[PDB]
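Enquirer:
2 protein chains.
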Amino acid sequence: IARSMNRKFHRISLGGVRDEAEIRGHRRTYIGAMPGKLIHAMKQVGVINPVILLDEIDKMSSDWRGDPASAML
Amino acid sequence: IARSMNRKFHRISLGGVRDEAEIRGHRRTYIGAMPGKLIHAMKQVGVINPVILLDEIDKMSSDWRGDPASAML
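Sequence order for the protein chains is D and E.
If you read the first sequence in PDB author numbering, its first letter stands for residue 368, the second for the next number, and so on.
If you read the second sequence in PDB author numbering, its first letter stands for residue 368, the second for the next number, and so on.
1. Any Cβ of chain D within less than 8 angstroms of the Cβ of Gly433(E)?
2. Would you mind reading off the limits of the beta strand (DSSP E) that contains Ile419(D)?
3. Could you pull out every residue in the same chain whose Cβ sits closer than 8 angstroms to the Cβ of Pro417(E), ignoring the five residues on either side in sequence?
4. For a test of the three-state rule: what should DSSP assign to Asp386(E), helix, strand or coil?
5. Span of the alpha helix (DSSP H) holding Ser437(D)?
6. What is the DSSP secondary structure of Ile379(E), counted as helix, strand or coil?
7. At what residues does the alpha helix (DSSP H) containing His407(D) begin and finish?
8. In chain D, which residues lie with their C-beta within 9 angstroms of the C-beta of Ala436(E)?
9. When burial is assigned at 16 or more other CB atoms within 10 Å of the CB, is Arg385(D) buried or exposed?
10. Beta-carbon within less than 7 angstroms of residue 317(E)'s beta-carbon, same chain only, minus the 5 sequence neighbours each way: which residues are those?
11. Mind pulling the chain E residues with CB within less than 8 angstroms of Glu389(D)?
12. Can you round the beta-carbon distance between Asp422(D) and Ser380(D) to whole angstroms, since I take them to be within the 8 angstroms contact cut?
13. Buried or exposed: which applies to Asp425(D), given that a residue is buried once 16 or more other Cβ atoms fall within 10 Å of its Cβ?
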């Protein structure tokens with residue numbers, strides 16, 4: 368679909384994600400703070416309208432480690 | 368396999384840390400300035416050719432930063 372529409376592709380792999388801070392970032396105050404997967408994705412492509420594949424969205428986990436679906440909302 | 372094709376040999380033995388900072392390092396402004404564990408492997412060899420064995424890839428250096436899957440990719 369990306370090749371057919373002459374756009375740019377970048378896939379983010381969910382499923383391995385376990386906390387909120389991989390979708391949003393961390394505040395700049397902490398050390399080793401960087402934005403989440405999605406601004407990295409928008410940086411890799413150069414445009415404002417890419418296609419982005421978020422595969423295995425049914426494999427995100429919700430437990431004591433975190434809850435990334437609420438940040439995905 | 369390496370001696371059959373006149374390369375050299377290394378072991379890089381992944382899983383021992385729990386971050387993605389050993390593969391791609393941190394900048395000179397940061398306090399801990401650990402360079403690339405691939406790049407130090409390219410230091411231990413003097414050749415751009417060599418075969419590189421990667422021990423223990425099922426357990427990886429995950430779950431404190433972003434997981435180093437795409438780093439391996």
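Ideal Cβ placement from N, Cα and C applies to all residues, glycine included.
Expert: Looking at the atomic coordinates:
1. yes
2. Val418 to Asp422
3. Taken in chain order, the residues that qualify are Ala369, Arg374, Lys375, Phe376 and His377.
4. coil
5. Run containing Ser437(D): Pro435 to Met439, per the alpha helix (DSSP H) assignment.
6. coil
7. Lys404 to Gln411
8. Going along chain D in sequence order, the residues near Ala436(E) (Cβ under 9 angstroms) are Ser380 and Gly383.
9. buried
10. Outside the displayed span of chain E (368 to 440) sits residue 317(E), for which this structure offers no information.
11. Result: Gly433.
12. 6 angstroms
13. exposed
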